[PDB]
2 protein chains.
Amino acid sequence: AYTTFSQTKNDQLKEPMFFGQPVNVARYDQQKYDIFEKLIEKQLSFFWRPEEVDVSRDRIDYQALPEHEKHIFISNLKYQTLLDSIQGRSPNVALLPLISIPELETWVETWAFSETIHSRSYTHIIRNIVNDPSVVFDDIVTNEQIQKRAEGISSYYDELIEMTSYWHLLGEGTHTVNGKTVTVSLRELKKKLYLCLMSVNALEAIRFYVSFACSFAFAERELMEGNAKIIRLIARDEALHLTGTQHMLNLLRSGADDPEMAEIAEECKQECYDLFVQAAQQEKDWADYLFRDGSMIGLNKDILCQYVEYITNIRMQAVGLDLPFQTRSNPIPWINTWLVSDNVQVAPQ
Amino acid sequence: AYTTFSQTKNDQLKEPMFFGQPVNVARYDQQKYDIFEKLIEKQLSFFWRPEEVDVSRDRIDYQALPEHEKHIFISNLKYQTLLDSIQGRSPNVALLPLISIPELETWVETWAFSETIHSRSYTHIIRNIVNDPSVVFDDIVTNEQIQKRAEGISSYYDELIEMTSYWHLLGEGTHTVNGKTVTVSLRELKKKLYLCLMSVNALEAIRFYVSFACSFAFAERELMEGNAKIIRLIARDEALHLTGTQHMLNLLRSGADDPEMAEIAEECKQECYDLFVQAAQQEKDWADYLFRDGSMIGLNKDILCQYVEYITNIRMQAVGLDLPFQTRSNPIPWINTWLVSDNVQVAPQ
């Protein structure tokens with residue numbers, strides 16, 4: 001049921017964001033939602049290449065770090081690489097076959113592409129600070145703590161992709177597959193999508209910002225400054241990405257785009273709340289792993305956990321969910337130095 | 001046999017440094033050895049008061065330190081306080097009753113006094129960086145690691161003092177005390193003194209310099225800068241003190257002052273070698289205690305142990321002993337910044 005060029009001449013201004021007629025002609029003279037056109041333009045203006053940044057000095061700083069500080073830095077580096085290894089391919093694979101307006105389609109491709117720059121930038125950093133990069137890259141797959149977060153995050157994508165394939169192949173209804181019952185419901189599929197986006201919003205708006213704090217904390221000590229130059233650029237992008245999903249989510253639940261989605265979004269408003277909280281807690285437990293062997297000047301388990309609650313409360317309200325944590329001010333106000341850009345608001349407000 | 005004013009009119013230019021006729025008139029128009037007069041003048045010009053130094057910011061830095069870095073800093077602080085608690089009283093109590101030339105007598109009093117300024121300066125630092133100073137001061141006595149070094153160092157003083165009292169009270173020979181044999185030998189007493197001085201030389205020329213490295217390493221990170229201002233002044237003094245004992249030791253073994261001492265110094269040249277090595281090793285094991293919970297930027301067990309071997313080799317040659325360690329250059333050349341003074345060579349050469 002999916003076609004790379006649907007032959008029907010539809011009015012793309014009146015198509016839903018998702019599950020409508022697949023996009024035929026890619027045109028940018030008009031939009032249903034101009035936010036996605038604005039994101040594309042912003043992302044394109046932000047285009048950067050990793051090797052523009054000298055990370056040489058960072059090798060010296062890294063070697064001079066005490067073991068536990070090495071542990072902190074590299075564990076964080078490995079987590080980021082994992083998250084954007086997923087963000088590199090997944091928006092394309094999971095969302096493209098479902099999008100039905102051109103501006104959203106292009107934004108997703110631009111988004112995913114910008115993630116591949118992020119993944120490349122980690123390779124730039126890793127090769128430059130360790131002797132054998134294979135050890136690091138191999139740990140990313142077999143590290144028990146990292147692996148746990150990978151499995152959870154990738155499942156929201158995988159379940160959406162698999163249910164999508166059934167839908168394209170079988171259409172809605174109840175079917176017989178090798179003598180088993182496979183029930184295809186557009187309503188269920190719409191739900192898998194909504195949760196996936198909520199999940200991805202948490203990934204980019206919370207999980208990554210928790211990681212940025214660890215990076216900039218090094219930069220505050222005037223260490224790993226090349227890495228921090230790069231994280232600044234990544235963070236500036238990340239602010240575009242999370243804005244993207246905040247608008248998809250908010251447009252979906254408002255009923256403005258698709259009325260059935262508004263109902264579905266309320267049906268699982270609890271599930272999304274729970275999803276977010278599970279992410280916030282997983283990041284708190286991650287803080288535990290980072291600082292198991294000790295902390296450093298300016299950052300520790302306690303402080304980072306406060307930032308998690310802080311940042312979580314902000315992202316959740318932005319997508320119309322209830323705050324799960326005590327109202328708290330920013331525990332690390334110095335981070336906003338690093339989360340700055342004259343073209344987009346990187347720092348959470 | 002000791003008198004605070006011996007009634008004999010002796011020529012103080014021809015008295016031995018030690019064990020001669022107790023000093024009667026304190027005069028400074030003439031010296032046997034002008035080095036001690038030069039030390040006195042230098043020490044007096046160096047006179048400083050602890051409270052001249054603002055250590056306020058150091059409270060903030062201390063609180064911000066990770067636990068293991070707190071452990072490093074305070075363990076080191078506690079060790080210094082112990083060493084100079086001993087250096088405060090011991091040169092006076094152990095050496096005064098034995099000195100027989102005025103310039104040496106005054107130098108020792110000036111020396112011991114300057115140590116009381118050091119002890120006072122630690123109280124200044126401690127009160128300012130912790131909430132309850134009693135915890136710190138109480139740990140200094142009951143800390144198993146510190147306690148070990150205290151016992152060894154204080155025994156060289158105590159055995160000299162006790163043997164001195166017998167000598168003053170009984171004079172040389174073989175005696176009957178409560179039905180026991182107490183043999184008083186000036187030759188033995190001269191030996192207790194020589195070893196004590198060797199021990200004290202190690203204390204000031206090695207043990208304390210190992211400690212200075214820990215302090216300045218913090219200052220290199222731009223932390224605990226008030227403490228480091230103070231350590232700079234203490235170190236400048238310490239260079240005078242170790243110079244004092246290097247000349248007593250070297251004058252004693254050269255036979256220039258007392259011919260019997262030259263023999264005794266060769267009789268136990270092995271014992272002194274061993275003494276020094278035991279001190280160097282104890283400081284290496286101390287490095288282990290400091291960094292048991294992790295190290296910090298610029299200083300760790302390995303690096304500090306190299307400095308111990310380095311500094312030990314230098315001090316030992318200065319007192320005519322064989323080097324126990326491989327010839328090595330300075331592992332922490334940055335320390336010489338802090339060990340500077342235009343009036344005396346603080347940094348080891």
# chains A, B, ... in the order shown; residues from 1 in each chain; ligands from 1
$ residues_around --residues "residue 296 in chain A" --least-positions-apart "4" --cutoff "10 Å" --atoms "only C-alpha atoms" --output "mmCIF file with C-alpha atoms, in the first residue's frame"
data_model
loop_
_atom_site.group_PDB
_atom_site.id
_atom_site.type_symbol
_atom_site.label_atom_id
_atom_site.label_comp_id
_atom_site.auth_asym_id
_atom_site.auth_seq_id
_atom_site.Cartn_x
_atom_site.Cartn_y
_atom_site.Cartn_z
ATOM 1 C CA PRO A 66 41.909 10.446 36.967
ATOM 2 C CA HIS A 68 36.980 7.840 37.519
ATOM 3 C CA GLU A 69 36.818 11.118 35.577
ATOM 4 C CA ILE A 72 32.517 9.728 33.535
ATOM 5 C CA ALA A 217 30.832 20.464 33.257
ATOM 6 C CA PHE A 218 34.190 19.335 31.877
ATOM 7 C CA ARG A 221 36.824 23.045 34.370
ATOM 8 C CA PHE A 291 29.660 8.703 39.525
ATOM 9 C CA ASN A 300 27.834 14.753 40.991
ATOM 10 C CA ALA B 64 32.902 21.875 46.275
ATOM 11 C CA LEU B 65 35.585 19.156 46.267
ATOM 12 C CA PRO B 66 34.521 15.582 45.585
ATOM 13 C CA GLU B 67 34.749 13.418 48.689
ATOM 14 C CA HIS B 68 38.017 11.725 47.656
ATOM 15 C CA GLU B 69 39.651 15.087 46.904
ATOM 16 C CA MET B 296 43.018 14.332 40.959
#
$ closest_atom_pairs --of "range 229-279 of chain B" --to "range 330-340 of chain B" --cutoff "10 Å" --atoms "only C-alpha atoms" --output "tab-separated table"
residue	atom	partner	partner_atom	distance
B:229	CA	B:338	CA	8.9
B:231	CA	B:338	CA	8.7
B:232	CA	B:338	CA	6.2
B:233	CA	B:339	CA	9.2
B:234	CA	B:339	CA	9.9
B:235	CA	B:339	CA	6.7
B:236	CA	B:339	CA	7.1
B:239	CA	B:339	CA	9.1
$ write_last_selection --atoms "N, CA and C atoms" --output "PDB file, in the first residue's frame"
ATOM      1  N   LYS B 229      49.186  29.962  49.614  1.00  0.00           N
ATOM      2  CA  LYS B 229      49.922  31.153  50.043  1.00  0.00           C
ATOM      3  C   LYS B 229      50.644  30.873  51.360  1.00  0.00           C
ATOM      4  N   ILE B 231      51.372  27.784  52.633  1.00  0.00           N
ATOM      5  CA  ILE B 231      52.367  26.732  52.466  1.00  0.00           C
ATOM      6  C   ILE B 231      53.665  27.308  51.866  1.00  0.00           C
ATOM      7  N   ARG B 232      53.542  28.277  50.956  1.00  0.00           N
ATOM      8  CA  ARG B 232      54.719  28.954  50.393  1.00  0.00           C
ATOM      9  C   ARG B 232      55.614  29.537  51.492  1.00  0.00           C
ATOM     10  N   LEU B 233      54.989  30.197  52.465  1.00  0.00           N
ATOM     11  CA  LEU B 233      55.718  30.779  53.586  1.00  0.00           C
ATOM     12  C   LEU B 233      56.296  29.699  54.498  1.00  0.00           C
ATOM     13  N   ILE B 234      55.507  28.670  54.783  1.00  0.00           N
ATOM     14  CA  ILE B 234      56.000  27.534  55.550  1.00  0.00           C
ATOM     15  C   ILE B 234      57.183  26.867  54.842  1.00  0.00           C
ATOM     16  N   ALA B 235      57.059  26.669  53.532  1.00  0.00           N
ATOM     17  CA  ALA B 235      58.133  26.023  52.772  1.00  0.00           C
ATOM     18  C   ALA B 235      59.408  26.846  52.794  1.00  0.00           C
ATOM     19  N   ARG B 236      59.265  28.163  52.734  1.00  0.00           N
ATOM     20  CA  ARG B 236      60.424  29.039  52.769  1.00  0.00           C
ATOM     21  C   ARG B 236      61.169  28.878  54.093  1.00  0.00           C
ATOM     22  N   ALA B 239      62.982  25.351  54.309  1.00  0.00           N
ATOM     23  CA  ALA B 239      64.289  25.350  53.661  1.00  0.00           C
ATOM     24  C   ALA B 239      65.391  25.828  54.618  1.00  0.00           C
TER      25      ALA B 239
END
$ residues_around --residues "residue 315 in chain B" --least-positions-apart "3" --cutoff "10 Å" --atoms "only C-alpha atoms" --output "number ranges by chain"
B: 201-202, 205-206, 242, 246, 276, 310-312, 318-321, 323, 348-349
$ closest_residue --among "B:290, B:77, B:279, B:140" --to "residue 153 in chain B" --atoms "only C-alpha atoms"
B:279
$ select_by_dssp --residues "range 76-306 of chain B" --states "helix (DSSP H, G or I)" --output "PyMOL selection string"
chain B and resi 76-98+102-129+133-142+144-170+186-220+225-253+259-267+269-290+301-306
$ closest_residue --among "A:284, A:316, A:322, A:253" --to "residue 303 in chain A" --atoms "only C-alpha atoms"
A:284
$ select_by_dssp --residues "range 95-309 of chain B" --states "strand (DSSP E)" --output "MDAnalysis selection string"
chainID B and resid 173:177 180:184
$ atom_distance --atom1 "CA of residue 110 in chain A" --atom2 "CA of residue 122 in chain A"
19.1 Å
$ atom_distance --atom1 "CA of residue 109 in chain A" --atom2 "CA of residue 147 in chain A"
26.4 Å
$ residues_around --residues "residue 278 in chain B" --least-positions-apart "5" --cutoff "12 Å" --atoms "only C-alpha atoms" --output "VMD selection string"
chain B and resid 149 152 to 153 199 202 to 203 206 to 207 271 to 273 283 to 285 308 to 309 312 324
$ write_last_selection --atoms "C-alpha atoms" --output "PDB file, in the first residue's frame"
ATOM      1  CA  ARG B 149      54.372   8.000  61.511  1.00  0.00           C
ATOM      2  CA  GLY B 152      58.370   6.451  64.757  1.00  0.00           C
ATOM      3  CA  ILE B 153      59.301  10.124  64.487  1.00  0.00           C
ATOM      4  CA  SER B 199      65.514  11.625  61.432  1.00  0.00           C
ATOM      5  CA  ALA B 202      64.248  13.480  56.789  1.00  0.00           C
ATOM      6  CA  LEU B 203      61.138  14.942  58.414  1.00  0.00           C
ATOM      7  CA  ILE B 206      61.636  14.953  52.657  1.00  0.00           C
ATOM      8  CA  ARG B 207      58.372  14.258  54.520  1.00  0.00           C
ATOM      9  CA  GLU B 271      71.698   2.886  60.227  1.00  0.00           C
ATOM     10  CA  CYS B 272      71.145   6.406  58.864  1.00  0.00           C
ATOM     11  CA  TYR B 273      70.891   5.136  55.318  1.00  0.00           C
ATOM     12  CA  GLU B 283      55.866   8.429  52.447  1.00  0.00           C
ATOM     13  CA  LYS B 284      55.230   6.132  49.461  1.00  0.00           C
ATOM     14  CA  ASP B 285      52.743   4.122  51.514  1.00  0.00           C
ATOM     15  CA  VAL B 308      59.589  10.884  46.921  1.00  0.00           C
ATOM     16  CA  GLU B 309      62.446   8.969  45.276  1.00  0.00           C
ATOM     17  CA  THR B 312      65.048  11.496  48.826  1.00  0.00           C
ATOM     18  CA  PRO B 324      68.922   4.382  47.375  1.00  0.00           C
TER      19      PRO B 324
END
$ residues_around --residues "residue 113 in chain B" --least-positions-apart "3" --cutoff "12 Å" --atoms "only C-alpha atoms" --output "ChimeraX atom specification"
/B:40,43-44,47-48,84-92,106-110,116-120,237,241
$ decode --residues "range 302-321 of chain A" --atoms "N, CA, C and O atoms" --output "mmCIF file, in the first residue's frame"
data_model
loop_
_atom_site.group_PDB
_atom_site.id
_atom_site.type_symbol
_atom_site.label_atom_id
_atom_site.label_comp_id
_atom_site.auth_asym_id
_atom_site.auth_seq_id
_atom_site.Cartn_x
_atom_site.Cartn_y
_atom_site.Cartn_z
ATOM 1 N N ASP A 302 23.909 13.787 42.885
ATOM 2 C CA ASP A 302 22.877 14.651 43.441
ATOM 3 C C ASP A 302 22.522 15.805 42.502
ATOM 4 O O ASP A 302 21.361 15.997 42.149
ATOM 5 N N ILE A 303 23.525 16.569 42.101
ATOM 6 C CA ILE A 303 23.300 17.727 41.249
ATOM 7 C C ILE A 303 22.683 17.354 39.902
ATOM 8 O O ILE A 303 21.727 17.986 39.440
ATOM 9 N N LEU A 304 23.213 16.313 39.281
ATOM 10 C CA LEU A 304 22.706 15.894 37.970
ATOM 11 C C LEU A 304 21.256 15.406 38.060
ATOM 12 O O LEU A 304 20.455 15.663 37.161
ATOM 13 N N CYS A 305 20.924 14.715 39.148
ATOM 14 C CA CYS A 305 19.558 14.228 39.365
ATOM 15 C C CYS A 305 18.561 15.378 39.522
ATOM 16 O O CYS A 305 17.423 15.299 39.039
ATOM 17 N N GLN A 306 18.995 16.449 40.177
ATOM 18 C CA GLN A 306 18.185 17.660 40.269
ATOM 19 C C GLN A 306 17.932 18.238 38.875
ATOM 20 O O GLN A 306 16.810 18.647 38.564
ATOM 21 N N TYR A 307 18.972 18.270 38.037
ATOM 22 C CA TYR A 307 18.821 18.773 36.676
ATOM 23 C C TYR A 307 17.831 17.903 35.882
ATOM 24 O O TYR A 307 17.007 18.427 35.118
ATOM 25 N N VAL A 308 17.906 16.584 36.061
ATOM 26 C CA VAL A 308 16.957 15.669 35.417
ATOM 27 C C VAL A 308 15.505 16.026 35.768
ATOM 28 O O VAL A 308 14.649 16.132 34.889
ATOM 29 N N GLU A 309 15.233 16.223 37.053
ATOM 30 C CA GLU A 309 13.877 16.573 37.474
ATOM 31 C C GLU A 309 13.491 17.929 36.908
ATOM 32 O O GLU A 309 12.388 18.111 36.393
ATOM 33 N N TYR A 310 14.417 18.873 37.006
ATOM 34 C CA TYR A 310 14.211 20.201 36.470
ATOM 35 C C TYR A 310 13.848 20.129 34.992
ATOM 36 O O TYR A 310 12.764 20.555 34.589
ATOM 37 N N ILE A 311 14.748 19.563 34.192
ATOM 38 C CA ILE A 311 14.542 19.527 32.746
ATOM 39 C C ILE A 311 13.303 18.711 32.370
ATOM 40 O O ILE A 311 12.579 19.084 31.449
ATOM 41 N N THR A 312 13.031 17.635 33.106
ATOM 42 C CA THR A 312 11.882 16.787 32.811
ATOM 43 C C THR A 312 10.587 17.563 32.975
ATOM 44 O O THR A 312 9.708 17.498 32.117
ATOM 45 N N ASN A 313 10.474 18.298 34.080
ATOM 46 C CA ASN A 313 9.287 19.108 34.335
ATOM 47 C C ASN A 313 9.034 20.067 33.172
ATOM 48 O O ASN A 313 7.900 20.226 32.723
ATOM 49 N N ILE A 314 10.092 20.685 32.661
ATOM 50 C CA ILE A 314 9.921 21.641 31.576
ATOM 51 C C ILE A 314 9.434 20.978 30.280
ATOM 52 O O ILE A 314 8.463 21.433 29.667
ATOM 53 N N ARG A 315 10.087 19.897 29.871
ATOM 54 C CA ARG A 315 9.713 19.245 28.621
ATOM 55 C C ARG A 315 8.286 18.716 28.668
ATOM 56 O O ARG A 315 7.570 18.760 27.666
ATOM 57 N N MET A 316 7.870 18.229 29.833
ATOM 58 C CA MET A 316 6.565 17.589 29.959
ATOM 59 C C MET A 316 5.426 18.591 29.835
ATOM 60 O O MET A 316 4.417 18.313 29.188
ATOM 61 N N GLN A 317 5.588 19.761 30.439
ATOM 62 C CA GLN A 317 4.574 20.800 30.312
ATOM 63 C C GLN A 317 4.447 21.274 28.859
ATOM 64 O O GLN A 317 3.346 21.562 28.372
ATOM 65 N N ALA A 318 5.581 21.327 28.166
ATOM 66 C CA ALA A 318 5.617 21.735 26.759
ATOM 67 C C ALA A 318 4.815 20.806 25.866
ATOM 68 O O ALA A 318 4.455 21.183 24.752
ATOM 69 N N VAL A 319 4.542 19.591 26.335
ATOM 70 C CA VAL A 319 3.721 18.664 25.554
ATOM 71 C C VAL A 319 2.437 18.327 26.312
ATOM 72 O O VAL A 319 1.827 17.276 26.098
ATOM 73 N N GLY A 320 2.039 19.227 27.207
ATOM 74 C CA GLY A 320 0.755 19.135 27.878
ATOM 75 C C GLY A 320 0.573 17.986 28.859
ATOM 76 O O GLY A 320 -0.541 17.490 29.026
ATOM 77 N N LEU A 321 1.650 17.565 29.516
ATOM 78 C CA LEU A 321 1.555 16.518 30.530
ATOM 79 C C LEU A 321 1.719 17.106 31.936
ATOM 80 O O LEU A 321 2.180 18.236 32.093
#
